[PDB]
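The next block is entry.pdb, given as PDB, C-alpha atoms.
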ATOM      1  CA  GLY A   1      81.867  99.033 -29.044
ATOM      2  CA  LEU A   2      83.741 100.235 -32.122
ATOM      3  CA  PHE A   3      86.583 101.723 -30.067
ATOM      4  CA  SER A   4      87.031  98.518 -28.058
ATOM      5  CA  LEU A   5      88.432  96.792 -31.151
ATOM      6  CA  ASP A   6      92.250  96.498 -31.145
ATOM      7  CA  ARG A   7      92.697  99.249 -28.555
ATOM      8  CA  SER A   8      94.720  98.494 -25.439
ATOM      9  CA  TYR A   9      92.756  97.287 -22.427
ATOM     10  CA  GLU A  10      93.634 100.191 -20.120
ATOM     11  CA  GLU A  11      92.834 102.901 -22.655
ATOM     12  CA  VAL A  12      89.610 101.014 -23.392
ATOM     13  CA  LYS A  13      88.796 101.364 -19.693
ATOM     14  CA  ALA A  14      89.581 105.083 -19.832
ATOM     15  CA  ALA A  15      87.411 105.602 -22.916
ATOM     16  CA  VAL A  16      84.523 103.700 -21.328
ATOM     17  CA  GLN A  17      84.899 105.842 -18.210
ATOM     18  CA  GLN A  18      84.745 109.109 -20.141
ATOM     19  CA  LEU A  19      81.993 108.019 -22.542
ATOM     20  CA  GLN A  20      79.547 106.418 -20.111
ATOM     21  CA  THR A  21      78.592 109.721 -18.445
ATOM     22  CA  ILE A  22      76.075 112.029 -20.136
ATOM     23  CA  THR A  23      74.946 115.583 -19.372
ATOM     24  CA  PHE A  24      71.549 116.343 -20.897
ATOM     25  CA  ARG A  25      69.262 119.320 -20.305
ATOM     26  CA  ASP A  26      71.165 120.391 -17.170
ATOM     27  CA  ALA A  27      71.210 116.935 -15.557
ATOM     28  CA  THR A  28      73.840 114.195 -15.374
ATOM     29  CA  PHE A  29      73.205 110.515 -16.104
ATOM     30  CA  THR A  30      75.423 107.440 -16.339
ATOM     31  CA  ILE A  31      74.902 104.201 -18.281
ATOM     32  CA  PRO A  32      74.951 101.062 -16.098
ATOM     33  CA  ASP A  33      76.837  97.939 -17.146
ATOM     34  CA  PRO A  34      78.105  98.883 -20.630
ATOM     35  CA  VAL A  35      79.075  95.305 -21.488
ATOM     36  CA  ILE A  36      80.485  94.538 -24.947
ATOM     37  CA  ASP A  37      79.116  91.263 -26.315
ATOM     38  CA  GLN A  38      77.387  89.643 -29.297
ATOM     39  CA  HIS A  39      74.419  92.015 -29.159
ATOM     40  CA  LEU A  40      76.675  95.022 -29.650
ATOM     41  CA  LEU A  41      78.796  93.006 -32.092
ATOM     42  CA  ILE A  42      75.985  92.626 -34.625
ATOM     43  CA  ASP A  43      75.372  96.386 -34.545
ATOM     44  CA  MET A  44      79.098  96.982 -34.998
ATOM     45  CA  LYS A  45      79.086  94.705 -38.050
ATOM     46  CA  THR A  46      76.154  96.524 -39.637
ATOM     47  CA  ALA A  47      77.758  99.900 -38.899
ATOM     48  CA  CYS A  48      81.011  98.798 -40.538
ATOM     49  CA  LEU A  49      79.152  97.543 -43.616
ATOM     50  CA  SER A  50      77.158 100.757 -43.956
ATOM     51  CA  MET A  51      80.270 102.913 -43.565
ATOM     52  CA  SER A  52      82.080 100.852 -46.201
ATOM     53  CA  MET A  53      79.212 101.312 -48.645
ATOM     54  CA  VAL A  54      78.977 105.042 -47.882
ATOM     55  CA  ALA A  55      82.697 105.469 -48.535
ATOM     56  CA  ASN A  56      82.428 103.487 -51.768
ATOM     57  CA  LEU A  57      79.362 105.298 -53.108
ATOM     58  CA  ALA A  58      80.217 108.928 -52.346
ATOM     59  CA  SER A  59      81.054 110.926 -55.466
ATOM     60  CA  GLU A  60      84.147 113.065 -55.910
ATOM     61  CA  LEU A  61      81.989 116.196 -55.715
ATOM     62  CA  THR A  62      80.765 115.204 -52.252
ATOM     63  CA  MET A  63      84.285 114.417 -51.041
ATOM     64  CA  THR A  64      85.772 117.617 -52.449
ATOM     65  CA  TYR A  65      83.047 119.999 -51.232
ATOM     66  CA  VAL A  66      84.595 120.498 -47.778
ATOM     67  CA  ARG A  67      88.109 120.877 -49.182
ATOM     68  CA  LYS A  68      86.989 123.450 -51.753
ATOM     69  CA  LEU A  69      84.871 125.422 -49.277
ATOM     70  CA  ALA A  70      87.836 126.061 -46.975
ATOM     71  CA  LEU A  71      89.656 127.911 -49.777
ATOM     72  CA  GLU A  72      87.220 130.844 -49.725
ATOM     73  CA  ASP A  73      85.063 130.595 -46.575
ATOM     74  CA  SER A  74      86.043 131.096 -42.940
ATOM     75  CA  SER A  75      83.927 130.500 -39.845
ATOM     76  CA  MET A  76      84.080 128.944 -36.402
ATOM     77  CA  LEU A  77      81.921 126.085 -37.678
ATOM     78  CA  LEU A  78      84.315 125.440 -40.554
ATOM     79  CA  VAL A  79      87.539 125.677 -38.543
ATOM     80  CA  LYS A  80      86.171 123.410 -35.814
ATOM     81  CA  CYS A  81      84.954 121.163 -38.626
ATOM     82  CA  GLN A  82      88.233 120.878 -40.534
ATOM     83  CA  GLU A  83      90.280 120.081 -37.415
ATOM     84  CA  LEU A  84      88.903 116.537 -37.655
ATOM     85  CA  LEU A  85      90.151 115.956 -41.201
ATOM     86  CA  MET A  86      93.494 114.576 -42.328
ATOM     87  CA  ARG A  87      95.812 117.326 -43.572
ATOM     88  CA  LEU A  88      96.630 117.076 -47.281
ATOM     89  CA  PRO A  89      92.175 127.319 -59.780
ATOM     90  CA  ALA A  90      90.559 124.143 -61.133
ATOM     91  CA  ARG A  91      87.462 122.809 -62.857
ATOM     92  CA  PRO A  92      85.342 119.740 -62.044
ATOM     93  CA  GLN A  93      86.936 116.782 -63.779
ATOM     94  CA  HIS A  94      83.600 115.108 -64.535
ATOM     95  CA  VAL A  95      80.076 116.555 -64.645
ATOM     96  CA  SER A  96      77.126 114.179 -64.974
ATOM     97  CA  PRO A  97      73.881 115.094 -63.171
ATOM     98  CA  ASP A  98      72.213 111.729 -63.848
ATOM     99  CA  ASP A  99      75.073 109.795 -62.259
ATOM    100  CA  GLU A 100      75.072 112.243 -59.354
ATOM    101  CA  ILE A 101      71.325 111.747 -58.858
ATOM    102  CA  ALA A 102      71.523 107.950 -58.881
ATOM    103  CA  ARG A 103      74.576 107.938 -56.621
ATOM    104  CA  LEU A 104      72.900 110.220 -54.079
ATOM    105  CA  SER A 105      69.772 108.064 -54.273
ATOM    106  CA  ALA A 106      71.740 104.986 -53.213
ATOM    107  CA  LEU A 107      73.730 106.954 -50.634
ATOM    108  CA  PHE A 108      70.477 107.969 -48.941
ATOM    109  CA  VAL A 109      69.539 104.306 -48.473
ATOM    110  CA  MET A 110      72.944 103.570 -46.970
ATOM    111  CA  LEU A 111      72.682 106.566 -44.634
ATOM    112  CA  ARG A 112      69.266 105.334 -43.508
ATOM    113  CA  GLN A 113      70.806 101.940 -42.776
ATOM    114  CA  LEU A 114      73.484 103.583 -40.633
ATOM    115  CA  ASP A 115      70.953 105.877 -38.938
ATOM    116  CA  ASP A 116      68.542 103.104 -37.961
ATOM    117  CA  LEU A 117      70.882 101.435 -35.476
ATOM    118  CA  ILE A 118      71.020 104.516 -33.234
ATOM    119  CA  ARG A 119      67.437 105.652 -33.897
ATOM    120  CA  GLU A 120      64.826 104.608 -31.359
ATOM    121  CA  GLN A 121      61.159 104.302 -32.261
ATOM    122  CA  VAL A 122      59.030 107.237 -31.112
ATOM    123  CA  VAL A 123      56.252 106.033 -28.818
ATOM    124  CA  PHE A 124      54.843 109.373 -27.682
ATOM    125  CA  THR A 125      54.687 112.928 -28.977
ATOM    126  CA  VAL A 126      53.905 115.489 -26.312
ATOM    127  CA  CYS A 127      52.029 118.763 -26.524
ATOM    128  CA  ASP A 128      51.332 119.811 -22.922
ATOM    129  CA  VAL A 129      53.291 119.809 -19.674
ATOM    130  CA  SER A 130      52.433 120.111 -16.015
ATOM    131  CA  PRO A 131      54.563 123.067 -14.824
ATOM    132  CA  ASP A 132      56.079 120.725 -12.217
ATOM    133  CA  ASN A 133      57.160 118.365 -15.057
ATOM    134  CA  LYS A 134      55.445 115.410 -13.345
ATOM    135  CA  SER A 135      52.901 114.771 -16.110
ATOM    136  CA  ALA A 136      52.200 115.580 -19.746
ATOM    137  CA  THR A 137      49.589 114.827 -22.399
ATOM    138  CA  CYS A 138      50.879 112.970 -25.438
ATOM    139  CA  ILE A 139      49.780 111.366 -28.690
ATOM    140  CA  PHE A 140      50.568 107.660 -28.858
ATOM    141  CA  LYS A 141      52.208 106.173 -31.932
ATOM    142  CA  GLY A 142      53.774 102.808 -32.655
TER     143      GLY A 142
ATOM    144  CA  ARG B   1     103.636 118.077 -99.752
ATOM    145  CA  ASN B   2     104.647 114.440 -99.193
ATOM    146  CA  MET B   3     101.939 111.955 -98.264
ATOM    147  CA  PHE B   4     104.020 108.810 -97.694
ATOM    148  CA  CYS B   5     106.042 109.664 -94.559
ATOM    149  CA  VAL B   6     103.150 111.026 -92.460
ATOM    150  CA  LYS B   7     103.536 110.780 -88.663
ATOM    151  CA  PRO B   8     101.183 112.727 -86.357
ATOM    152  CA  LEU B   9     102.260 113.635 -82.833
ATOM    153  CA  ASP B  10     101.454 117.292 -82.554
ATOM    154  CA  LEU B  11      98.659 117.556 -79.946
ATOM    155  CA  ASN B  12      99.817 119.863 -77.151
ATOM    156  CA  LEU B  13      96.212 120.050 -75.921
ATOM    157  CA  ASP B  14      95.870 120.307 -72.148
ATOM    158  CA  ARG B  15      93.408 119.362 -69.415
ATOM    159  CA  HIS B  16      92.892 122.804 -67.847
ATOM    160  CA  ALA B  17      91.028 124.942 -70.381
ATOM    161  CA  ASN B  18      88.055 123.735 -72.449
ATOM    162  CA  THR B  19      85.787 120.861 -71.455
ATOM    163  CA  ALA B  20      86.787 117.257 -72.041
ATOM    164  CA  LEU B  21      84.201 116.993 -74.829
ATOM    165  CA  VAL B  22      85.828 119.900 -76.668
ATOM    166  CA  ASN B  23      89.256 118.305 -76.253
ATOM    167  CA  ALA B  24      88.025 114.987 -77.636
ATOM    168  CA  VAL B  25      86.384 116.746 -80.585
ATOM    169  CA  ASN B  26      89.588 118.657 -81.344
ATOM    170  CA  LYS B  27      91.697 115.497 -81.347
ATOM    171  CA  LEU B  28      89.131 113.694 -83.503
ATOM    172  CA  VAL B  29      89.005 116.536 -86.014
ATOM    173  CA  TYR B  30      92.804 116.638 -86.236
ATOM    174  CA  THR B  31      92.975 112.924 -87.045
ATOM    175  CA  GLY B  32      90.108 113.153 -89.515
ATOM    176  CA  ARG B  33      91.540 116.153 -91.326
ATOM    177  CA  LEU B  34      94.900 114.396 -91.622
ATOM    178  CA  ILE B  35      93.203 111.414 -93.271
ATOM    179  CA  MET B  36      91.200 113.679 -95.585
ATOM    180  CA  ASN B  37      94.265 115.657 -96.631
ATOM    181  CA  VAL B  38      96.362 112.588 -97.426
ATOM    182  CA  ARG B  39      93.561 110.946 -99.416
ATOM    183  CA  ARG B  40      92.727 114.066-101.425
ATOM    184  CA  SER B  41      96.385 114.712-102.254
ATOM    185  CA  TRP B  42      96.856 111.153-103.493
ATOM    186  CA  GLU B  43      93.674 111.245-105.581
ATOM    187  CA  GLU B  44      94.606 114.531-107.250
ATOM    188  CA  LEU B  45      98.115 113.327-108.058
ATOM    189  CA  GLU B  46      96.776 110.108-109.598
ATOM    190  CA  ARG B  47      94.255 112.015-111.716
ATOM    191  CA  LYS B  48      96.971 114.301-113.077
ATOM    192  CA  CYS B  49      99.140 111.291-113.906
ATOM    193  CA  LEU B  50      96.288 109.581-115.759
ATOM    194  CA  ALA B  51      95.571 112.714-117.783
ATOM    195  CA  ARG B  52      99.222 113.020-118.810
ATOM    196  CA  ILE B  53      99.440 109.357-119.835
ATOM    197  CA  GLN B  54      96.237 109.500-121.878
ATOM    198  CA  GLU B  55      97.201 112.641-123.764
ATOM    199  CA  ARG B  56     100.703 111.314-124.469
ATOM    200  CA  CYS B  57      99.185 108.124-125.889
ATOM    201  CA  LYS B  58      96.807 110.113-128.095
ATOM    202  CA  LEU B  59      99.571 112.345-129.454
ATOM    203  CA  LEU B  60     101.912 109.424-130.099
ATOM    204  CA  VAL B  61      99.220 107.417-131.903
ATOM    205  CA  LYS B  62      98.405 110.394-134.120
ATOM    206  CA  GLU B  63     102.107 110.878-134.854
ATOM    207  CA  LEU B  64     102.678 107.212-135.672
ATOM    208  CA  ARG B  65      99.555 106.729-137.795
ATOM    209  CA  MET B  66     101.005 108.570-140.801
ATOM    210  CA  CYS B  67     103.466 105.736-141.573
ATOM    211  CA  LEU B  68     101.737 102.483-142.532
ATOM    212  CA  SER B  69     104.125  99.617-141.745
ATOM    213  CA  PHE B  70     104.091  96.361-139.816
ATOM    214  CA  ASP B  71     106.135  97.588-136.851
ATOM    215  CA  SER B  72     104.260 100.893-136.745
ATOM    216  CA  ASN B  73     100.940  99.037-136.857
ATOM    217  CA  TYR B  74     102.062  96.799-133.995
ATOM    218  CA  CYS B  75     103.065  99.813-131.901
ATOM    219  CA  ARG B  76      99.774 101.558-132.661
ATOM    220  CA  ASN B  77      97.738  98.490-131.719
ATOM    221  CA  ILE B  78      99.649  98.331-128.443
ATOM    222  CA  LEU B  79      99.000 102.016-127.772
ATOM    223  CA  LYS B  80      95.284 101.755-128.568
ATOM    224  CA  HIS B  81      94.587 100.310-125.107
ATOM    225  CA  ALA B  82      92.684 102.773-122.943
ATOM    226  CA  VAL B  83      94.158 103.766-119.576
ATOM    227  CA  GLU B  84      91.792 104.741-116.776
ATOM    228  CA  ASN B  85      92.843 102.440-113.903
ATOM    229  CA  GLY B  86      96.030 101.213-112.277
ATOM    230  CA  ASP B  87      95.432  97.744-113.711
TER     231      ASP B  87
END
Let me see the structure of the file written as C-alpha cells.
Amino acid sequence: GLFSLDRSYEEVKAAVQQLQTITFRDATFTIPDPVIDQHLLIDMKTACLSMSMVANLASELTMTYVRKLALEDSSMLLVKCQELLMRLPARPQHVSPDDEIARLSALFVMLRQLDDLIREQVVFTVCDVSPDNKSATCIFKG
Amino acid sequence: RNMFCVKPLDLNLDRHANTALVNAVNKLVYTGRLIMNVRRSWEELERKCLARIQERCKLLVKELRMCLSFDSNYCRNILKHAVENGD
C-alpha cells in the first residue's frame, strides 16, 4: 500500500508480484487479491502519522547511536544494518536524563500505535501437538 | 588602570572541553569580575579625592584663621562647608 503511492504503474506491478509470495517454515504461500482501496488507505494514513510522530520525538542520542557505534564496532549485523542508511572525538551536546525519560515514554506510545496495525490478536496459545500436525491442544484467549 | 574606556571581548572559550555549565559559569564570572573591578577602582579613587579635599580645606582654614579681616572671614566661612558627597 505505501509503495503504491507515486510509483509508476509497471514497477508497482513488479513490486506486488515480488511481495505477494511468502515462504514460511519451509512452505510457500501467496496472498490472493491484494487490492489497494480505502481499507488499506486508512491504515496507510495511521502509519504515516505514527512515523511522523516517531521521527519528531526521537532524541539526538537515539539518532546518533547507530552512527557512533559504527566508529568502533564491526559485525555482519552492523554492516548489513548500515547499508540501509544514507551515507553522510566528541562529547554529547546535551545531557538531560529527565527529558530522555519523558521522550522515550512518549516514543513507546507512538511505537505501539505503529505496531498495532500489523499485530493480530492472539486467539490460541498451543502447548501440545499431534506428531502428524493435524491437531493440537491450545488455551483460548480473546 | 583606566575605568572609563572598558570594552570586554576576550572570551576565547570553546565548545569542546568542559561542560556547557562550566563554560556558562566562566563567562558569567568574567563579566561579574569586570563589573566588580571597575566599581571598586572608582570607589577607591573617589575616597582618595575626598580625603585630599577635606585635608586641604582644614589646612587652609587653619592658615587663614590667624588674620582677622572681612575678606578673610568671608573666605573662612565659605571653606567651613563640609565635603563628603559629590553634591
At a cut-off of 9 Å, list the chain A residues touching chain B, using all atoms listed in the file, as a compact mmCIF listing (two decimals) with C-alpha atoms, in the frame of the given file.
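Generated output (selection.txt):
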# COMPACT_ATOMS: atom_id res chain seq x y z
CA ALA A 90 90.56 124.14 -61.13
CA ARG A 91 87.46 122.81 -62.86
CA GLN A 93 86.94 116.78 -63.78
CA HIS A 94 83.60 115.11 -64.54
Original post:
Got a sec to resolve the PyMOL selection byres ((chain A and resi 58) around 12) on this structure and send the residues as a VMD selection string?
Top reply: chain A and resid 51 to 57 59 to 65 99 to 108 110 to 111
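Between residue 109 (chain A) and the candidates A:50, A:75, A:68, A:86, the tightest atom-to-atom separation, counting only C-alpha atoms, involves A:50.
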Subject >> Point (75.5, 99.4, -36.4), cut-off 12 Å, counting only C-alpha atoms, residues as a ChimeraX atom specification >> reply: /A:1-2,39-52,110-119
Original post:
Which residues come within 12 Å of residue 13 (chain B), counting all atoms listed in the file, excluding same-chain residues fewer than 6 positions away, as a VMD selection string?
Top reply: chain B and resid 19 to 20 22 to 27 30
Original post:
By how many Å are CA of residue 4 (chain A) and CA of residue 30 (chain A) apart?
Top reply: 18.8 Å
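We find CA of residue 63 (chain B) and CA of residue 81 (chain B) to be spaced 16.2 Å apart.
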Subject >> Shell around residue 138 (chain A) at 8 Å using all atoms listed in the file, local window under 5 positions removed, as a PyMOL selection string >> reply: chain A and resi 124-128
**OP:** Report as an MDAnalysis selection string the full result of the PyMOL selection byres ((chain B and resi 8) around 12) when it is applied to this structure.
**Re:** chainID B and resid 3 5:7 9:12 27 30:35
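CA of residue 33 (chain A) is found 19.7 Å from CA of residue 8 (chain A).
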**OP:** Any chance you could resolve the PyMOL selection byres ((chain B and resi 46-60) around 12) against this file and give the residues as JSON, numbers by chain?
**Re:** {"B": [39, 40, 41, 42, 43, 44, 45, 61, 62, 63, 64, 65, 66, 72, 75, 76, 77, 78, 79, 80, 81, 82, 83, 84, 85, 86]}
Take the residues just selected and output them with C-alpha atoms as a PDB file, in the coordinates of the input.
ATOM      1  CA  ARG B  39      93.561 110.946 -99.416  1.00  0.00           C
ATOM      2  CA  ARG B  40      92.727 114.066-101.425  1.00  0.00           C
ATOM      3  CA  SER B  41      96.385 114.712-102.254  1.00  0.00           C
ATOM      4  CA  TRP B  42      96.856 111.153-103.493  1.00  0.00           C
ATOM      5  CA  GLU B  43      93.674 111.245-105.581  1.00  0.00           C
ATOM      6  CA  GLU B  44      94.606 114.531-107.250  1.00  0.00           C
ATOM      7  CA  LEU B  45      98.115 113.327-108.058  1.00  0.00           C
ATOM      8  CA  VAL B  61      99.220 107.417-131.903  1.00  0.00           C
ATOM      9  CA  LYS B  62      98.405 110.394-134.120  1.00  0.00           C
ATOM     10  CA  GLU B  63     102.107 110.878-134.854  1.00  0.00           C
ATOM     11  CA  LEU B  64     102.678 107.212-135.672  1.00  0.00           C
ATOM     12  CA  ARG B  65      99.555 106.729-137.795  1.00  0.00           C
ATOM     13  CA  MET B  66     101.005 108.570-140.801  1.00  0.00           C
ATOM     14  CA  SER B  72     104.260 100.893-136.745  1.00  0.00           C
ATOM     15  CA  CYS B  75     103.065  99.813-131.901  1.00  0.00           C
ATOM     16  CA  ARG B  76      99.774 101.558-132.661  1.00  0.00           C
ATOM     17  CA  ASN B  77      97.738  98.490-131.719  1.00  0.00           C
ATOM     18  CA  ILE B  78      99.649  98.331-128.443  1.00  0.00           C
ATOM     19  CA  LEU B  79      99.000 102.016-127.772  1.00  0.00           C
ATOM     20  CA  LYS B  80      95.284 101.755-128.568  1.00  0.00           C
ATOM     21  CA  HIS B  81      94.587 100.310-125.107  1.00  0.00           C
ATOM     22  CA  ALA B  82      92.684 102.773-122.943  1.00  0.00           C
ATOM     23  CA  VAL B  83      94.158 103.766-119.576  1.00  0.00           C
ATOM     24  CA  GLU B  84      91.792 104.741-116.776  1.00  0.00           C
ATOM     25  CA  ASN B  85      92.843 102.440-113.903  1.00  0.00           C
ATOM     26  CA  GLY B  86      96.030 101.213-112.277  1.00  0.00           C
TER      27      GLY B  86
END
